[PDB]
Amino acid sequence: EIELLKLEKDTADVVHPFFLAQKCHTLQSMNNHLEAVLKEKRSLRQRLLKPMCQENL
Amino acid sequence: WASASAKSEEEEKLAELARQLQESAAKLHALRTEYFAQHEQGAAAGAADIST
């Protein structure tokens, strides 16, 4: 059991589902943010068609 | 030849091997507690299934 617990704790960075869970939640955070960005593509290209127009601000 | 003066030998392995048992138990308990020190934040989070 000393060796088995040693090899279990040495692999704590990537194997156990805890850190997998936090990296998963960061993935859904990134996906939700980028999906909120991507859903308004027509609005974004409406922003992109706005240069320095002093006549039509 | 091995049955000449084996009483003191048997008792001294008995003593030092009981000692080794004691410190091995102490070190495994210490290592398990150190592992559980960084585990209690995931002890409640361990309910999620691995395959799911």
# chains A, B, ... in the order shown; residues from 1 in each chain; ligands from 1
>>> interface_residues(of="chain B", to="chain A", cutoff="9 Å", atoms="only C-alpha atoms", output="CSV table (one decimal) with C-alpha atoms, in the first residue's frame")
chain,number,residue,atom,x,y,z
B,27,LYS,CA,5.1,6.8,8.0
B,28,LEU,CA,2.2,5.4,6.0
B,31,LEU,CA,1.7,10.0,4.0
B,32,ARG,CA,-2.0,9.2,3.9
B,35,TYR,CA,-2.4,13.1,0.7
B,41,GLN,CA,-11.2,20.0,-1.5
B,42,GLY,CA,-12.0,17.1,-3.9
B,45,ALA,CA,-16.2,16.9,-5.6
B,46,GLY,CA,-15.5,13.1,-6.0
B,48,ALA,CA,-18.9,12.8,-10.3
B,49,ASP,CA,-18.5,9.5,-12.2
B,50,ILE,CA,-15.3,8.9,-14.1
>>> select_by_dssp(residues="chain B", states="alpha helix (DSSP H)", output="mmCIF file with N, CA and C atoms, in the first residue's frame")
data_model
loop_
_atom_site.group_PDB
_atom_site.id
_atom_site.type_symbol
_atom_site.label_atom_id
_atom_site.label_comp_id
_atom_site.auth_asym_id
_atom_site.auth_seq_id
_atom_site.Cartn_x
_atom_site.Cartn_y
_atom_site.Cartn_z
ATOM 1 N N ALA B 6 20.591 -19.192 18.949
ATOM 2 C CA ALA B 6 19.595 -18.488 18.155
ATOM 3 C C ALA B 6 18.566 -17.729 18.986
ATOM 4 N N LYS B 7 18.593 -17.849 20.316
ATOM 5 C CA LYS B 7 17.579 -17.196 21.145
ATOM 6 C C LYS B 7 17.731 -15.679 21.114
ATOM 7 N N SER B 8 18.954 -15.194 21.340
ATOM 8 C CA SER B 8 19.214 -13.758 21.303
ATOM 9 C C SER B 8 19.000 -13.198 19.907
ATOM 10 N N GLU B 9 19.349 -13.977 18.885
ATOM 11 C CA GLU B 9 19.115 -13.554 17.510
ATOM 12 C C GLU B 9 17.622 -13.411 17.215
ATOM 13 N N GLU B 10 16.824 -14.412 17.604
ATOM 14 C CA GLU B 10 15.386 -14.353 17.362
ATOM 15 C C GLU B 10 14.751 -13.189 18.107
ATOM 16 N N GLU B 11 15.174 -12.951 19.355
ATOM 17 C CA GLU B 11 14.594 -11.833 20.094
ATOM 18 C C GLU B 11 15.046 -10.483 19.539
ATOM 19 N N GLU B 12 16.257 -10.392 18.972
ATOM 20 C CA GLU B 12 16.678 -9.089 18.470
ATOM 21 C C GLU B 12 16.049 -8.770 17.115
ATOM 22 N N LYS B 13 15.873 -9.768 16.229
ATOM 23 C CA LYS B 13 14.991 -9.527 15.082
ATOM 24 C C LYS B 13 13.560 -9.229 15.508
ATOM 25 N N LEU B 14 13.055 -9.880 16.563
ATOM 26 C CA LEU B 14 11.700 -9.583 17.026
ATOM 27 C C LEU B 14 11.571 -8.119 17.442
ATOM 28 N N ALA B 15 12.543 -7.624 18.213
ATOM 29 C CA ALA B 15 12.513 -6.239 18.678
ATOM 30 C C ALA B 15 12.645 -5.248 17.523
ATOM 31 N N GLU B 16 13.668 -5.414 16.672
ATOM 32 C CA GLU B 16 13.881 -4.414 15.628
ATOM 33 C C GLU B 16 12.822 -4.501 14.535
ATOM 34 N N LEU B 17 12.222 -5.673 14.333
ATOM 35 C CA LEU B 17 11.192 -5.813 13.316
ATOM 36 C C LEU B 17 9.850 -5.290 13.816
ATOM 37 N N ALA B 18 9.578 -5.419 15.122
ATOM 38 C CA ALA B 18 8.437 -4.714 15.701
ATOM 39 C C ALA B 18 8.633 -3.203 15.626
ATOM 40 N N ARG B 19 9.869 -2.741 15.846
ATOM 41 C CA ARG B 19 10.185 -1.323 15.683
ATOM 42 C C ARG B 19 9.936 -0.866 14.249
ATOM 43 N N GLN B 20 10.393 -1.664 13.280
ATOM 44 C CA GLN B 20 10.195 -1.349 11.869
ATOM 45 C C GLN B 20 8.716 -1.319 11.515
ATOM 46 N N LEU B 21 7.936 -2.239 12.091
ATOM 47 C CA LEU B 21 6.485 -2.200 11.940
ATOM 48 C C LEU B 21 5.907 -0.893 12.466
ATOM 49 N N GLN B 22 6.384 -0.448 13.633
ATOM 50 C CA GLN B 22 5.876 0.783 14.237
ATOM 51 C C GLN B 22 6.161 1.997 13.356
ATOM 52 N N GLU B 23 7.419 2.168 12.930
ATOM 53 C CA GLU B 23 7.713 3.341 12.107
ATOM 54 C C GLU B 23 7.127 3.231 10.702
ATOM 55 N N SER B 24 6.961 2.019 10.161
ATOM 56 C CA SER B 24 6.307 1.895 8.860
ATOM 57 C C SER B 24 4.843 2.300 8.944
ATOM 58 N N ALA B 25 4.156 1.889 10.019
ATOM 59 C CA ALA B 25 2.779 2.320 10.233
ATOM 60 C C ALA B 25 2.695 3.831 10.414
ATOM 61 N N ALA B 26 3.638 4.405 11.169
ATOM 62 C CA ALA B 26 3.647 5.850 11.386
ATOM 63 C C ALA B 26 3.859 6.611 10.081
ATOM 64 N N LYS B 27 4.793 6.144 9.246
ATOM 65 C CA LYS B 27 5.068 6.839 7.991
ATOM 66 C C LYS B 27 3.926 6.688 6.995
ATOM 67 N N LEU B 28 3.278 5.517 6.942
ATOM 68 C CA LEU B 28 2.154 5.382 6.017
ATOM 69 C C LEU B 28 0.966 6.222 6.471
ATOM 70 N N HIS B 29 0.737 6.312 7.788
ATOM 71 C CA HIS B 29 -0.312 7.192 8.293
ATOM 72 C C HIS B 29 -0.002 8.653 7.988
ATOM 73 N N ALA B 30 1.265 9.054 8.148
ATOM 74 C CA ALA B 30 1.662 10.426 7.840
ATOM 75 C C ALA B 30 1.484 10.741 6.359
ATOM 76 N N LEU B 31 1.881 9.814 5.483
ATOM 77 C CA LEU B 31 1.735 10.031 4.047
ATOM 78 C C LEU B 31 0.268 10.070 3.633
ATOM 79 N N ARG B 32 -0.568 9.221 4.239
ATOM 80 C CA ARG B 32 -1.993 9.242 3.925
ATOM 81 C C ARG B 32 -2.645 10.538 4.391
ATOM 82 N N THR B 33 -2.237 11.050 5.557
ATOM 83 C CA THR B 33 -2.783 12.322 6.026
ATOM 84 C C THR B 33 -2.318 13.485 5.155
ATOM 85 N N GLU B 34 -1.064 13.446 4.688
ATOM 86 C CA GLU B 34 -0.589 14.482 3.773
ATOM 87 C C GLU B 34 -1.317 14.423 2.435
ATOM 88 N N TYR B 35 -1.626 13.215 1.956
ATOM 89 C CA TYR B 35 -2.415 13.085 0.734
ATOM 90 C C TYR B 35 -3.836 13.599 0.936
ATOM 91 N N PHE B 36 -4.434 13.306 2.094
ATOM 92 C CA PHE B 36 -5.783 13.774 2.382
ATOM 93 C C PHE B 36 -5.832 15.267 2.680
ATOM 94 N N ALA B 37 -4.686 15.890 2.973
ATOM 95 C CA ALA B 37 -4.654 17.335 3.176
ATOM 96 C C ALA B 37 -5.013 18.081 1.897
ATOM 97 N N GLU B 40 -9.313 16.963 0.555
ATOM 98 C CA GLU B 40 -10.616 17.315 1.113
ATOM 99 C C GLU B 40 -11.330 18.380 0.287
ATOM 100 N N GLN B 41 -10.593 19.146 -0.518
ATOM 101 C CA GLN B 41 -11.242 20.027 -1.481
ATOM 102 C C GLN B 41 -11.836 19.250 -2.649
ATOM 103 N N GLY B 42 -11.422 17.998 -2.841
ATOM 104 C CA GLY B 42 -11.987 17.150 -3.870
ATOM 105 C C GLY B 42 -12.730 15.956 -3.310
ATOM 106 N N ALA B 43 -12.774 15.849 -1.979
ATOM 107 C CA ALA B 43 -13.539 14.781 -1.344
ATOM 108 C C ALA B 43 -15.030 14.942 -1.607
#
>>> atom_distance(atom1="CA of residue 45 in chain A", atom2="CA of residue 31 in chain A")
20.7 Å
>>> atom_distance(atom1="CA of residue 37 in chain A", atom2="CA of residue 55 in chain A")
29.2 Å
